[PDB]
file work_33.cif (mmCIF, C-alpha atoms and all ligand atoms)
data_model
loop_
_atom_site.label_atom_id
_atom_site.label_comp_id
_atom_site.auth_asym_id
_atom_site.auth_seq_id
_atom_site.Cartn_x
_atom_site.Cartn_y
_atom_site.Cartn_z
CA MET T 1 45.87 33.71 47.14
CA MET T 2 47.69 35.08 50.18
CA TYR T 3 48.67 38.31 48.39
CA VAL T 4 46.72 40.67 46.13
CA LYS T 5 47.95 43.26 43.64
CA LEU T 6 46.68 46.85 43.79
CA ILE T 7 47.46 49.07 40.79
CA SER T 8 47.49 52.86 41.08
CA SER T 9 46.37 55.43 38.51
CA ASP T 10 49.98 55.88 37.31
CA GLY T 11 50.67 52.15 36.94
CA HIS T 12 52.42 51.38 40.22
CA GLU T 13 51.81 47.80 41.37
CA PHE T 14 51.47 47.23 45.12
CA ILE T 15 51.44 43.61 46.32
CA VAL T 16 49.89 43.35 49.79
CA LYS T 17 48.46 40.52 51.86
CA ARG T 18 44.84 39.66 51.10
CA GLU T 19 43.80 39.77 54.76
CA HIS T 20 45.39 43.22 55.00
CA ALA T 21 43.60 44.50 51.89
CA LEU T 22 40.21 43.45 53.30
CA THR T 23 40.47 46.34 55.78
CA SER T 24 39.04 48.48 52.98
CA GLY T 25 35.30 47.90 52.77
CA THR T 26 35.28 48.66 49.04
CA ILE T 27 38.04 46.14 48.31
CA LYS T 28 36.33 43.53 50.51
CA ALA T 29 33.10 43.91 48.52
CA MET T 30 35.13 43.39 45.32
CA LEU T 31 37.19 40.34 46.30
CA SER T 32 34.46 38.69 48.41
CA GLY T 33 31.59 39.50 46.08
CA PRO T 34 29.55 37.90 43.30
CA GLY T 35 31.02 36.21 40.27
CA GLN T 36 31.09 33.06 38.16
CA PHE T 37 32.53 29.79 39.43
CA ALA T 38 33.75 28.53 36.05
CA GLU T 39 35.16 31.86 34.82
CA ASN T 40 38.72 32.98 35.45
CA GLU T 41 39.21 35.70 38.06
CA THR T 42 41.89 38.39 38.11
CA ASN T 43 43.88 38.88 41.32
CA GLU T 44 44.46 42.57 40.55
CA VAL T 45 42.42 45.66 41.44
CA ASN T 46 42.87 48.80 39.35
CA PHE T 47 42.33 52.32 40.73
CA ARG T 48 42.00 54.88 37.95
CA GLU T 49 41.98 57.96 40.21
CA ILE T 50 44.25 57.06 43.14
CA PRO T 51 47.90 58.12 42.65
CA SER T 52 50.84 55.99 43.71
CA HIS T 53 51.93 58.27 46.56
CA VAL T 54 48.43 58.03 48.05
CA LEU T 55 47.95 54.30 47.40
CA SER T 56 51.30 53.49 49.03
CA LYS T 57 50.17 55.38 52.13
CA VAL T 58 46.87 53.48 52.20
CA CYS T 59 48.74 50.17 52.17
CA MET T 60 50.81 51.30 55.16
CA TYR T 61 47.51 51.89 56.97
CA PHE T 62 46.47 48.33 56.11
CA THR T 63 49.60 47.04 57.85
CA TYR T 64 49.08 49.54 60.67
CA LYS T 65 45.42 48.67 61.28
CA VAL T 66 45.85 44.88 61.23
CA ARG T 67 48.94 44.97 63.46
CA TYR T 68 47.18 46.94 66.22
CA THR T 69 43.81 45.18 66.11
CA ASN T 70 43.03 42.73 68.93
CA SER T 71 46.46 43.30 70.48
CA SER T 72 47.82 44.40 73.85
CA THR T 73 50.56 46.48 72.21
CA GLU T 74 50.38 50.24 72.69
CA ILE T 75 49.15 51.87 69.48
CA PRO T 76 51.62 54.47 68.14
CA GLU T 77 50.76 57.45 65.97
CA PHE T 78 50.16 57.10 62.23
CA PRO T 79 52.11 59.92 60.53
CA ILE T 80 50.08 61.77 57.89
CA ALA T 81 51.82 64.66 56.17
CA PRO T 82 49.48 67.62 55.48
CA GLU T 83 50.61 67.73 51.84
CA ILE T 84 48.73 64.46 51.19
CA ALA T 85 46.03 64.64 53.87
CA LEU T 86 43.24 65.79 51.57
CA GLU T 87 44.11 63.36 48.77
CA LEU T 88 44.38 60.65 51.43
CA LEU T 89 41.01 61.65 52.91
CA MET T 90 39.29 61.30 49.53
CA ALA T 91 40.87 57.88 48.90
CA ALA T 92 40.09 56.64 52.42
CA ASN T 93 36.43 57.62 52.02
CA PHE T 94 36.31 55.93 48.61
CA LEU T 95 37.85 52.70 49.94
CA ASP T 96 35.74 52.64 53.15
CA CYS T 97 38.55 52.26 55.66
CA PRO H 1 51.91 58.64 95.08
CA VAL H 2 48.66 60.09 93.71
CA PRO H 3 45.27 58.93 95.05
CA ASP H 4 43.17 56.73 92.79
CA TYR H 5 40.46 59.39 92.52
CA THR H 6 40.96 63.15 92.61
CA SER H 7 39.14 66.40 91.84
CA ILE H 8 40.50 69.56 90.25
CA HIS H 9 41.29 72.84 92.02
CA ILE H 10 41.88 75.96 89.93
CA UNK H 11 44.74 78.18 91.22
CA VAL J 2 43.96 79.49 72.25
CA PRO J 3 42.69 79.47 75.87
CA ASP J 4 44.96 81.05 78.47
CA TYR J 5 46.90 78.59 80.62
CA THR J 6 45.67 77.93 84.15
CA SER J 7 47.48 76.10 86.95
CA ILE J 8 45.08 73.28 87.87
CA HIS J 9 45.70 71.36 91.09
CA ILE J 10 44.43 67.83 91.62
CA UNK J 11 43.58 66.77 95.16
CA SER O 1 17.92 71.02 69.36
CA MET O 2 16.87 69.44 72.66
CA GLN O 3 19.01 67.99 75.43
CA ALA O 4 18.75 64.33 74.38
CA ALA O 5 19.95 65.10 70.85
CA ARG O 6 22.93 67.09 72.13
CA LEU O 7 23.93 64.26 74.47
CA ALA O 8 23.53 61.66 71.71
CA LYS O 9 25.84 63.65 69.43
CA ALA O 10 28.36 64.01 72.26
CA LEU O 11 28.35 60.25 72.81
CA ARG O 12 28.76 59.62 69.07
CA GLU O 13 31.82 61.89 69.02
CA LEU O 14 33.19 59.93 71.99
CA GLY O 15 32.97 56.69 70.00
CA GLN O 16 34.78 58.31 67.07
CA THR O 17 37.83 59.26 69.16
CA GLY O 18 39.38 55.82 69.56
CA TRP O 19 40.46 56.51 73.16
CA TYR O 20 37.16 55.53 74.81
CA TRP O 21 37.71 52.21 76.57
CA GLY O 22 34.20 51.49 77.86
CA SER O 23 34.30 49.05 80.76
CA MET O 24 37.68 49.34 82.49
CA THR O 25 38.51 49.00 86.18
CA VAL O 26 40.82 51.34 88.08
CA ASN O 27 43.70 48.84 88.17
CA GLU O 28 43.46 48.10 84.44
CA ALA O 29 43.78 51.84 83.77
CA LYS O 30 46.75 51.99 86.16
CA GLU O 31 48.48 49.17 84.27
CA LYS O 32 48.02 50.74 80.83
CA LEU O 33 49.31 54.12 82.07
CA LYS O 34 52.07 52.92 84.42
CA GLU O 35 55.00 53.67 82.09
CA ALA O 36 53.21 56.14 79.80
CA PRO O 37 54.52 59.72 79.60
CA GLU O 38 52.98 62.46 81.71
CA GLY O 39 49.76 63.71 80.14
CA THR O 40 48.61 60.45 78.57
CA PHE O 41 44.87 60.08 79.15
CA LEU O 42 41.86 57.95 78.28
CA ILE O 43 38.12 58.03 78.94
CA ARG O 44 36.33 54.96 80.31
CA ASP O 45 33.02 54.06 81.90
CA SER O 46 32.58 55.16 85.51
CA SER O 47 32.10 52.36 88.02
CA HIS O 48 30.25 54.90 90.18
CA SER O 49 26.46 55.06 90.09
CA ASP O 50 26.11 58.86 89.84
CA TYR O 51 28.58 59.28 86.95
CA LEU O 52 29.04 58.10 83.37
CA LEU O 53 32.59 58.98 82.25
CA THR O 54 35.98 58.98 83.97
CA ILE O 55 39.36 60.26 82.79
CA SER O 56 42.45 58.20 83.67
CA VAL O 57 45.53 60.44 83.52
CA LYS O 58 49.25 59.83 84.04
CA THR O 59 50.39 62.62 86.37
CA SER O 60 53.65 63.47 88.13
CA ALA O 61 52.88 60.96 90.90
CA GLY O 62 51.36 58.19 88.79
CA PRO O 63 47.98 57.32 87.28
CA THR O 64 44.84 58.85 88.79
CA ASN O 65 41.17 59.16 87.83
CA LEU O 66 38.97 62.22 87.28
CA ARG O 67 35.20 61.76 87.18
CA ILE O 68 33.33 63.81 84.58
CA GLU O 69 30.19 65.47 85.92
CA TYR O 70 27.18 65.91 83.62
CA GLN O 71 24.84 68.59 84.98
CA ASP O 72 22.27 70.59 82.99
CA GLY O 73 23.36 69.33 79.58
CA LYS O 74 27.05 70.17 80.05
CA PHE O 75 30.13 68.11 80.91
CA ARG O 76 32.44 69.29 83.69
CA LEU O 77 35.44 67.95 85.56
CA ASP O 78 35.00 66.90 89.16
CA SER O 79 36.21 69.78 91.33
CA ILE O 80 36.79 70.10 95.06
CA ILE O 81 35.97 73.83 95.02
CA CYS O 82 34.51 75.79 92.13
CA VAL O 83 33.16 79.06 90.89
CA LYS O 84 30.55 78.31 88.23
CA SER O 85 31.77 80.98 85.81
CA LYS O 86 35.37 79.77 86.19
CA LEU O 87 34.77 76.08 85.36
CA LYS O 88 34.68 75.12 81.69
CA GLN O 89 31.52 73.30 80.60
CA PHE O 90 30.55 72.11 77.13
CA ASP O 91 27.81 70.06 75.50
CA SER O 92 30.46 67.77 73.98
CA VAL O 93 32.71 65.77 76.29
CA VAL O 94 35.31 65.56 73.51
CA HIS O 95 35.19 69.37 73.35
CA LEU O 96 35.97 69.42 77.08
CA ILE O 97 39.09 67.29 76.62
CA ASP O 98 40.12 69.17 73.47
CA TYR O 99 39.75 72.42 75.41
CA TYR O 100 42.22 71.39 78.12
CA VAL O 101 44.67 69.75 75.71
CA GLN O 102 44.89 73.04 73.81
CA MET O 103 45.30 75.00 77.06
CA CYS O 104 48.03 72.61 78.19
CA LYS O 105 50.10 73.22 75.08
CA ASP O 106 51.73 76.08 76.99
CA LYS O 107 52.32 74.14 80.22
CA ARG O 108 55.73 74.17 81.89
CA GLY O 110 60.70 70.05 82.20
CA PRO O 111 63.11 72.09 84.32
CA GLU O 112 60.59 74.88 85.00
CA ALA O 113 57.92 72.47 86.28
CA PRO O 114 57.41 71.96 90.03
CA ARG O 115 59.06 68.90 91.55
CA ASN O 116 57.18 68.37 94.83
CA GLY O 117 53.84 69.63 96.11
CA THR O 118 50.22 69.51 95.03
CA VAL O 119 50.22 67.77 91.66
CA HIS O 120 49.42 69.91 88.61
CA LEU O 121 47.08 68.60 85.93
CA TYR O 122 48.52 67.88 82.49
CA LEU O 123 46.87 66.48 79.35
CA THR O 124 48.68 65.89 76.06
CA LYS O 125 48.17 62.80 73.90
CA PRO O 126 45.52 60.07 74.30
CA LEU O 127 45.99 56.31 74.64
CA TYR O 128 44.11 54.61 71.82
CA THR O 129 42.30 51.36 72.54
CA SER O 130 41.88 50.66 68.80
CA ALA O 131 43.18 52.12 65.56
CA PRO O 132 40.70 54.69 64.19
CA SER O 133 39.63 54.78 60.56
CA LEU O 134 41.93 56.33 57.96
CA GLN O 135 39.24 58.96 57.31
CA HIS O 136 39.22 60.05 60.96
CA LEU O 137 43.03 60.14 61.04
CA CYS O 138 42.99 62.46 58.02
CA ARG O 139 40.32 64.58 59.72
CA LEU O 140 42.57 65.08 62.76
CA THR O 141 45.56 66.01 60.59
CA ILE O 142 43.42 68.52 58.67
CA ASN O 143 42.00 69.94 61.91
CA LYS O 144 45.49 70.33 63.39
CA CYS O 145 46.39 72.19 60.17
CA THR O 146 43.49 74.64 59.75
CA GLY O 147 40.03 75.49 61.01
CA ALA O 148 38.63 76.96 57.78
CA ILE O 149 37.69 73.70 56.08
CA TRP O 150 35.12 75.23 53.70
CA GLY O 151 37.83 76.69 51.45
CA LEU O 152 39.61 73.33 50.89
CA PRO O 153 39.57 71.65 47.45
CA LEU O 154 37.18 68.90 48.58
CA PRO O 155 33.70 67.74 47.57
CA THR O 156 30.89 69.19 49.68
CA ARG O 157 30.05 65.68 50.91
CA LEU O 158 33.45 65.41 52.62
CA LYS O 159 33.23 68.96 53.98
CA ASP O 160 30.20 67.85 56.00
CA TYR O 161 32.29 64.96 57.34
CA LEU O 162 34.98 67.36 58.55
CA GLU O 163 32.34 69.58 60.19
CA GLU O 164 31.12 66.61 62.25
CA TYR O 165 34.38 66.50 64.26
CA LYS O 166 36.35 69.75 64.56
CA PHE O 167 38.64 68.70 67.42
CA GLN O 168 42.40 68.16 67.25
CA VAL O 169 42.57 65.22 69.68
CA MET E 1 60.79 41.18 66.83
CA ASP E 2 58.72 41.72 63.69
CA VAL E 3 60.06 44.08 61.02
CA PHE E 4 57.98 45.57 58.21
CA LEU E 5 59.51 46.17 54.80
CA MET E 6 58.81 47.61 51.35
CA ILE E 7 60.56 45.48 48.72
CA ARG E 8 60.72 47.63 45.58
CA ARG E 9 61.85 46.99 42.01
CA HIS E 10 60.88 49.22 39.08
CA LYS E 11 57.14 49.88 39.51
CA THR E 12 56.56 46.89 41.82
CA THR E 13 56.30 47.23 45.61
CA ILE E 14 55.79 44.34 48.04
CA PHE E 15 54.41 45.02 51.52
CA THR E 16 55.61 42.14 53.70
CA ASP E 17 56.94 41.44 57.18
CA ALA E 18 59.58 39.18 58.71
CA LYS E 19 61.47 38.59 61.95
CA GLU E 20 64.43 40.76 62.89
CA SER E 21 66.47 37.59 63.49
CA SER E 22 65.64 36.13 60.06
CA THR E 23 68.25 36.34 57.31
CA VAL E 24 68.47 38.01 53.91
CA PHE E 25 68.29 34.60 52.23
CA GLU E 26 64.99 33.82 53.96
CA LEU E 27 63.70 37.17 52.70
CA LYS E 28 64.71 36.11 49.18
CA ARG E 29 62.60 32.98 49.66
CA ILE E 30 59.59 35.18 50.45
CA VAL E 31 60.26 37.11 47.23
CA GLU E 32 60.58 33.79 45.40
CA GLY E 33 57.05 32.86 46.48
CA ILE E 34 55.65 36.14 45.12
CA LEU E 35 57.64 37.08 42.00
CA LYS E 36 58.52 33.46 41.09
CA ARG E 37 62.28 33.98 40.87
CA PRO E 38 64.88 31.97 42.82
CA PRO E 39 67.12 33.59 45.46
CA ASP E 40 70.29 33.16 43.38
CA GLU E 41 68.67 35.46 40.79
CA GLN E 42 67.97 38.17 43.39
CA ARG E 43 70.00 41.02 44.86
CA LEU E 44 68.69 42.91 47.89
CA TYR E 45 69.79 46.43 48.78
CA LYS E 46 69.42 48.87 51.67
CA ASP E 47 70.00 52.21 49.91
CA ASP E 48 73.26 51.59 47.97
CA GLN E 49 74.66 48.78 50.14
CA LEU E 50 74.19 45.22 48.87
CA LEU E 51 72.91 42.75 51.46
CA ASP E 52 74.43 39.28 51.81
CA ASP E 53 72.38 36.16 52.51
CA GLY E 54 74.22 35.38 55.75
CA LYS E 55 73.44 38.56 57.66
CA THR E 56 70.20 38.89 59.60
CA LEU E 57 67.73 41.70 58.94
CA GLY E 58 68.69 43.36 62.22
CA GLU E 59 72.38 43.25 61.31
CA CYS E 60 71.56 45.01 58.03
CA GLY E 61 69.84 47.91 59.82
CA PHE E 62 66.18 46.79 59.87
CA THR E 63 65.09 47.04 63.51
CA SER E 64 61.70 47.45 65.19
CA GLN E 65 62.35 51.21 65.42
CA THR E 66 63.39 51.82 61.79
CA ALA E 67 60.93 49.36 60.20
CA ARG E 68 57.55 50.03 61.84
CA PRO E 69 54.15 49.12 60.34
CA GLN E 70 53.21 52.78 59.84
CA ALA E 71 56.66 53.49 58.32
CA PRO E 72 58.17 50.39 56.71
CA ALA E 73 61.78 50.33 55.56
CA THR E 74 62.61 50.16 51.86
CA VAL E 75 64.58 47.22 50.44
CA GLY E 76 65.91 47.46 46.90
CA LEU E 77 65.45 44.50 44.57
CA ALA E 78 67.47 43.75 41.44
CA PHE E 79 66.90 40.75 39.17
CA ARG E 80 69.37 38.73 37.11
CA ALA E 81 68.82 38.33 33.36
CA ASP E 82 71.11 35.78 31.68
CA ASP E 83 74.73 36.08 32.91
CA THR E 84 74.85 39.60 34.37
CA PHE E 85 72.60 41.29 36.91
CA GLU E 86 70.46 44.34 36.24
CA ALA E 87 71.24 47.76 37.67
CA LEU E 88 69.18 48.72 40.71
CA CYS E 89 66.21 50.80 39.59
CA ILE E 90 63.29 52.03 41.66
CA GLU E 91 60.54 54.07 40.03
CA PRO E 92 59.59 57.00 42.31
CA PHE E 93 56.05 57.56 43.50
CA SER E 94 53.90 60.45 42.32
CA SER E 95 54.17 63.92 43.82
CA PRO E 96 51.41 65.51 45.91
CA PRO E 97 50.18 68.94 44.80
CA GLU E 98 51.32 72.04 46.63
CA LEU E 99 49.37 72.73 49.80
CA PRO E 100 46.33 75.04 49.70
CA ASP E 101 46.82 78.61 50.86
CA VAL E 102 44.90 78.17 54.13
CA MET E 103 46.80 74.97 55.01
CA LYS E 104 50.00 75.63 56.99
CO CO T 201 51.28 74.36 92.43
#
call {"tool": "encode", "arguments": {"input": "work_33.cif", "output": "C-alpha cells"}}
result
Amino acid sequence: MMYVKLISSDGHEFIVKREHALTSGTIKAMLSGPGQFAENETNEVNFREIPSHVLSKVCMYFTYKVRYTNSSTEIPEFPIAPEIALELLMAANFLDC
Amino acid sequence: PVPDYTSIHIX
Amino acid sequence: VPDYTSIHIX
Amino acid sequence: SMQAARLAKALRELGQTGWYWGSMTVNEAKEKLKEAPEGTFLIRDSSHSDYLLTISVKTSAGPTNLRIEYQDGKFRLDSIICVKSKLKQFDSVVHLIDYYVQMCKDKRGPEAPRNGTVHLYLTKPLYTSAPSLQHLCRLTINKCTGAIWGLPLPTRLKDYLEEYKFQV
Amino acid sequence: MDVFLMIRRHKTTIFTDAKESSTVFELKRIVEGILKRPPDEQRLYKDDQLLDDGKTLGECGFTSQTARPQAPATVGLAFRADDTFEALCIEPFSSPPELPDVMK
C-alpha cells in the first residue's frame, strides 16, 4: 500500500508513506525482502526497543530526507535535542538511515 | 564586489 | 577554543 | 600511518560532511550563495590543475572562492603572504574548516567594519544533500561534549563517534 | 506551498502532507483513505480550536514556516461514535531520560 504502520515499544502507531519508510535500510530489507506469494502479509512493523518519542523523530527524518533529495531547495537544519540524541543515534544505527 | 578568487592575509 | 584572528581576503 | 592513509581518511571525512559538492563551476557556486547569509560556505572540486579543493564563501561583498593548498601532507588556505608557524595546517581538511568555524564564533553586526579589505567569516555550511540520521546525531553529540567515552552507549557506537569529532 | 502535518488521535499518528491552499475537508478525505472513516464522522483541531471544512490549511495557521518537514504541525483528530462525537484525546509520547552528567 501507499502507507505503512510502524509500532513503537510502548504501542504508539505511526502511519507513514511507504516510499518514506524505505529510507531506513533495515525497513527496506523487511518490506522488500523474501516471503511467500500465497501467504498473507502484515503491513505493520513492530519495534520492541524503540520508544515513541524516538520513533516519532525518526519519521520526521524520513519526511526530511525525502523532501530534500534530488531537489534544488536549500536544505535547512534538522533540529535534534541533546536529550534524545543518544537514543536517536542508537535507533538510527539500528534502522540503517 | 569581491573578486572570484582570493587569498587570505592574517592581520 | 582558538583565539580570534582578523583574516583579510585579497 | 603513512601519508596516503592520512589523505584517504581526510577524503572520507569530506564525503561524510554533506557540504562537499564535487564538480561545481564558479558561477554555480555564486548562484547558490547569492542570497545566503554571511559565512555560508561549501567545498567543491578545484577547476585548477595544481589544486584539489576550493571553498566558496559568502562574504561582505558577495561570494568568493578560496583554494585549499595541500603541501607535505597538510591542508592550508591559499594566502598572499604567510609565516609558516602562523598558518594553520592539518592532516584533515574538515579539521581545517572546523578550526576556523570555531575561531569565528567570537567574530564581530554593528561592531563589524563596513568598508575596506573584506574580513573572512565562516559559520554554517550549505548542504548539497541531507546527511544520514546517524551523522546528524554525531554532530549534535559533538556540539554537546568532547568526552564521548563516558556516554551510555555501546562500544561499537563509541568508535563511530571517534571517527568524526568535528562540530561542522 | 506544501505543508507537513501530524494527524494524531489516541495512540495513532499519521505523517502526511498537503498544499497550503487545500481545505480542511480535503484533509478529511486523506484521513478517510487511511482510517476508513468518512469526513462527516471526523473533527479536526489545531490545539483547542475546531477547524471547519471551508477554511484552507493556511487560513487555519498551517504555513510553510510553521509546518516544515523537520517539524510538522500537529492536527487533532476526533471520531464520531453513534450520535455524539468523542472528546479530543491525544496520547503523549514517551519521555527521554535525563541527560548524562557530561552532556550540557
Ligand atoms: Co580590517
call {"tool": "residues_near_ligand", "arguments": {"input": "work_33.cif", "ligand": "ligand CO 201 (chain T)", "cutoff": "9 Å", "atoms": "all atoms listed in the file", "output": "list in words"}}
result
residues 11 of chain H; 7, 8 and 9 of chain J; 114, 116, 117, 118, 119 and 120 of chain O
call {"tool": "closest_residue", "arguments": {"input": "work_33.cif", "among": "O:133, O:146, O:102, O:124", "to": "residue 3 in chain J", "atoms": "all atoms listed in the file"}}
result
O:102
call {"tool": "residues_near_point", "arguments": {"input": "work_33.cif", "point": "(68.1, 48.0, 42.0)", "cutoff": "10 Å", "atoms": "all atoms listed in the file", "output": "list in words"}}
result
residues 8, 9, 10, 42, 43, 44, 45, 46, 47, 48, 50, 75, 76, 77, 78, 79, 85, 86, 87, 88, 89, 90 and 91 of chain E
call {"tool": "write_last_selection", "arguments": {"input": "work_33.cif", "atoms": "C-alpha atoms", "output": "PDB file, keeping the file's coordinate frame"}}
result
ATOM      1  CA  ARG E   8      60.720  47.630  45.580  1.00  0.00           C
ATOM      2  CA  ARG E   9      61.850  46.990  42.010  1.00  0.00           C
ATOM      3  CA  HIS E  10      60.880  49.220  39.080  1.00  0.00           C
ATOM      4  CA  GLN E  42      67.970  38.170  43.390  1.00  0.00           C
ATOM      5  CA  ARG E  43      70.000  41.020  44.860  1.00  0.00           C
ATOM      6  CA  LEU E  44      68.690  42.910  47.890  1.00  0.00           C
ATOM      7  CA  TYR E  45      69.790  46.430  48.780  1.00  0.00           C
ATOM      8  CA  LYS E  46      69.420  48.870  51.670  1.00  0.00           C
ATOM      9  CA  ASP E  47      70.000  52.210  49.910  1.00  0.00           C
ATOM     10  CA  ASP E  48      73.260  51.590  47.970  1.00  0.00           C
ATOM     11  CA  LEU E  50      74.190  45.220  48.870  1.00  0.00           C
ATOM     12  CA  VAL E  75      64.580  47.220  50.440  1.00  0.00           C
ATOM     13  CA  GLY E  76      65.910  47.460  46.900  1.00  0.00           C
ATOM     14  CA  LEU E  77      65.450  44.500  44.570  1.00  0.00           C
ATOM     15  CA  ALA E  78      67.470  43.750  41.440  1.00  0.00           C
ATOM     16  CA  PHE E  79      66.900  40.750  39.170  1.00  0.00           C
ATOM     17  CA  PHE E  85      72.600  41.290  36.910  1.00  0.00           C
ATOM     18  CA  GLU E  86      70.460  44.340  36.240  1.00  0.00           C
ATOM     19  CA  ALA E  87      71.240  47.760  37.670  1.00  0.00           C
ATOM     20  CA  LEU E  88      69.180  48.720  40.710  1.00  0.00           C
ATOM     21  CA  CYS E  89      66.210  50.800  39.590  1.00  0.00           C
ATOM     22  CA  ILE E  90      63.290  52.030  41.660  1.00  0.00           C
ATOM     23  CA  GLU E  91      60.540  54.070  40.030  1.00  0.00           C
TER      24      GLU E  91
END
call {"tool": "residues_around", "arguments": {"input": "work_33.cif", "residues": "residue 97 in chain E", "least_positions_apart": "5", "cutoff": "10 Å", "atoms": "all atoms listed in the file", "output": "ChimeraX atom specification"}}
result
/T:83-84,87
call {"tool": "write_last_selection", "arguments": {"input": "work_33.cif", "atoms": "C-alpha atoms", "output": "tab-separated table (two decimals), in the frame of the given file"}}
result
chain	number	residue	atom	x	y	z
T	83	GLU	CA	50.61	67.73	51.84
T	84	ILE	CA	48.73	64.46	51.19
T	87	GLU	CA	44.11	63.36	48.77
call {"tool": "closest_residue", "arguments": {"input": "work_33.cif", "among": "E:84, E:70, E:64, E:56", "to": "chain O", "atoms": "all atoms listed in the file"}}
result
E:70
call {"tool": "residues_around", "arguments": {"input": "work_33.cif", "residues": "residue 34 in chain O", "least_positions_apart": "2", "cutoff": "7 Å", "atoms": "only C-alpha atoms", "output": "PyMOL selection string"}}
result
chain O and resi 30-32+36+62-63
call {"tool": "write_last_selection", "arguments": {"input": "work_33.cif", "atoms": "C-alpha atoms", "output": "PDB file, in the frame of the given file"}}
result
ATOM      1  CA  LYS O  30      46.750  51.990  86.160  1.00  0.00           C
ATOM      2  CA  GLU O  31      48.480  49.170  84.270  1.00  0.00           C
ATOM      3  CA  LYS O  32      48.020  50.740  80.830  1.00  0.00           C
ATOM      4  CA  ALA O  36      53.210  56.140  79.800  1.00  0.00           C
ATOM      5  CA  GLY O  62      51.360  58.190  88.790  1.00  0.00           C
ATOM      6  CA  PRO O  63      47.980  57.320  87.280  1.00  0.00           C
TER       7      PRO O  63
END
call {"tool": "interface_residues", "arguments": {"input": "work_33.cif", "of": "chain O", "to": "chain T", "cutoff": "10 Å", "atoms": "only C-alpha atoms", "output": "number ranges by chain"}}
result
O: 32, 36, 125, 127-142, 144-145, 152-155, 158, 161
call {"tool": "residues_around", "arguments": {"input": "work_33.cif", "residues": "residue 6 in chain J", "least_positions_apart": "5", "cutoff": "12 Å", "atoms": "all atoms listed in the file", "output": "list in words"}}
result
residues 8, 9, 10 and 11 of chain H; 86, 87, 88, 99, 100, 101, 102, 103, 104, 105, 106, 107, 108, 120, 121 and 122 of chain O
call {"tool": "write_last_selection", "arguments": {"input": "work_33.cif", "atoms": "C-alpha atoms", "output": "mmCIF file, keeping the file's coordinate frame"}}
result
data_model
loop_
_atom_site.group_PDB
_atom_site.id
_atom_site.type_symbol
_atom_site.label_atom_id
_atom_site.label_comp_id
_atom_site.auth_asym_id
_atom_site.auth_seq_id
_atom_site.Cartn_x
_atom_site.Cartn_y
_atom_site.Cartn_z
ATOM 1 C CA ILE H 8 40.500 69.560 90.250
ATOM 2 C CA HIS H 9 41.290 72.840 92.020
ATOM 3 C CA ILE H 10 41.880 75.960 89.930
ATOM 4 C CA UNK H 11 44.740 78.180 91.220
ATOM 5 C CA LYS O 86 35.370 79.770 86.190
ATOM 6 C CA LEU O 87 34.770 76.080 85.360
ATOM 7 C CA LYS O 88 34.680 75.120 81.690
ATOM 8 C CA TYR O 99 39.750 72.420 75.410
ATOM 9 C CA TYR O 100 42.220 71.390 78.120
ATOM 10 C CA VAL O 101 44.670 69.750 75.710
ATOM 11 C CA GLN O 102 44.890 73.040 73.810
ATOM 12 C CA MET O 103 45.300 75.000 77.060
ATOM 13 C CA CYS O 104 48.030 72.610 78.190
ATOM 14 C CA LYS O 105 50.100 73.220 75.080
ATOM 15 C CA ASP O 106 51.730 76.080 76.990
ATOM 16 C CA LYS O 107 52.320 74.140 80.220
ATOM 17 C CA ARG O 108 55.730 74.170 81.890
ATOM 18 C CA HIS O 120 49.420 69.910 88.610
ATOM 19 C CA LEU O 121 47.080 68.600 85.930
ATOM 20 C CA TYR O 122 48.520 67.880 82.490
#
call {"tool": "closest_residue", "arguments": {"input": "work_33.cif", "among": "O:28, O:78, O:13, O:45", "to": "residue 7 in chain H", "atoms": "all atoms listed in the file"}}
result
O:78
call {"tool": "closest_residue", "arguments": {"input": "work_33.cif", "among": "O:57, O:5, O:81, O:52", "to": "residue 69 in chain O", "atoms": "all atoms listed in the file"}}
result
O:52
call {"tool": "residues_around", "arguments": {"input": "work_33.cif", "residues": "residue 72 in chain O", "least_positions_apart": "4", "cutoff": "12 Å", "atoms": "all atoms listed in the file", "output": "list in words"}}
result
residues 2, 3, 4, 6, 7, 76, 89, 90 and 91 of chain O
call {"tool": "decode", "arguments": {"input": "work_33.cif", "residues": "chain J", "atoms": "N, CA and C atoms", "output": "PDB file, in the first residue's frame"}}
result
ATOM      1  N   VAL J   2      37.570  27.657  20.918  1.00  0.00           N
ATOM      2  CA  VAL J   2      38.807  27.462  21.667  1.00  0.00           C
ATOM      3  C   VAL J   2      39.975  28.312  21.129  1.00  0.00           C
ATOM      4  N   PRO J   3      40.244  28.290  19.818  1.00  0.00           N
ATOM      5  CA  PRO J   3      41.346  29.110  19.303  1.00  0.00           C
ATOM      6  C   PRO J   3      41.021  30.592  19.380  1.00  0.00           C
ATOM      7  N   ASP J   4      42.054  31.387  19.639  1.00  0.00           N
ATOM      8  CA  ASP J   4      41.902  32.834  19.740  1.00  0.00           C
ATOM      9  C   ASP J   4      41.550  33.436  18.385  1.00  0.00           C
ATOM     10  N   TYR J   5      40.638  34.404  18.389  1.00  0.00           N
ATOM     11  CA  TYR J   5      40.191  35.026  17.149  1.00  0.00           C
ATOM     12  C   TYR J   5      41.310  35.803  16.466  1.00  0.00           C
ATOM     13  N   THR J   6      41.348  35.708  15.142  1.00  0.00           N
ATOM     14  CA  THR J   6      42.295  36.469  14.341  1.00  0.00           C
ATOM     15  C   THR J   6      41.574  37.166  13.195  1.00  0.00           C
ATOM     16  N   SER J   7      41.913  38.431  12.959  1.00  0.00           N
ATOM     17  CA  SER J   7      41.333  39.186  11.854  1.00  0.00           C
ATOM     18  C   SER J   7      42.007  38.750  10.559  1.00  0.00           C
ATOM     19  N   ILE J   8      41.270  38.038   9.711  1.00  0.00           N
ATOM     20  CA  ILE J   8      41.800  37.496   8.466  1.00  0.00           C
ATOM     21  C   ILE J   8      41.260  38.329   7.312  1.00  0.00           C
ATOM     22  N   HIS J   9      42.164  38.925   6.543  1.00  0.00           N
ATOM     23  CA  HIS J   9      41.801  39.670   5.349  1.00  0.00           C
ATOM     24  C   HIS J   9      41.826  38.756   4.131  1.00  0.00           C
ATOM     25  N   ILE J  10      40.929  39.025   3.187  1.00  0.00           N
ATOM     26  CA  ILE J  10      40.921  38.295   1.926  1.00  0.00           C
ATOM     27  C   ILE J  10      41.160  39.263   0.772  1.00  0.00           C
ATOM     28  N   UNK J  11      42.186  38.981  -0.025  1.00  0.00           N
ATOM     29  CA  UNK J  11      42.550  39.909  -1.092  1.00  0.00           C
ATOM     30  C   UNK J  11      42.608  39.174  -2.433  1.00  0.00           C
TER      31      UNK J  11
END
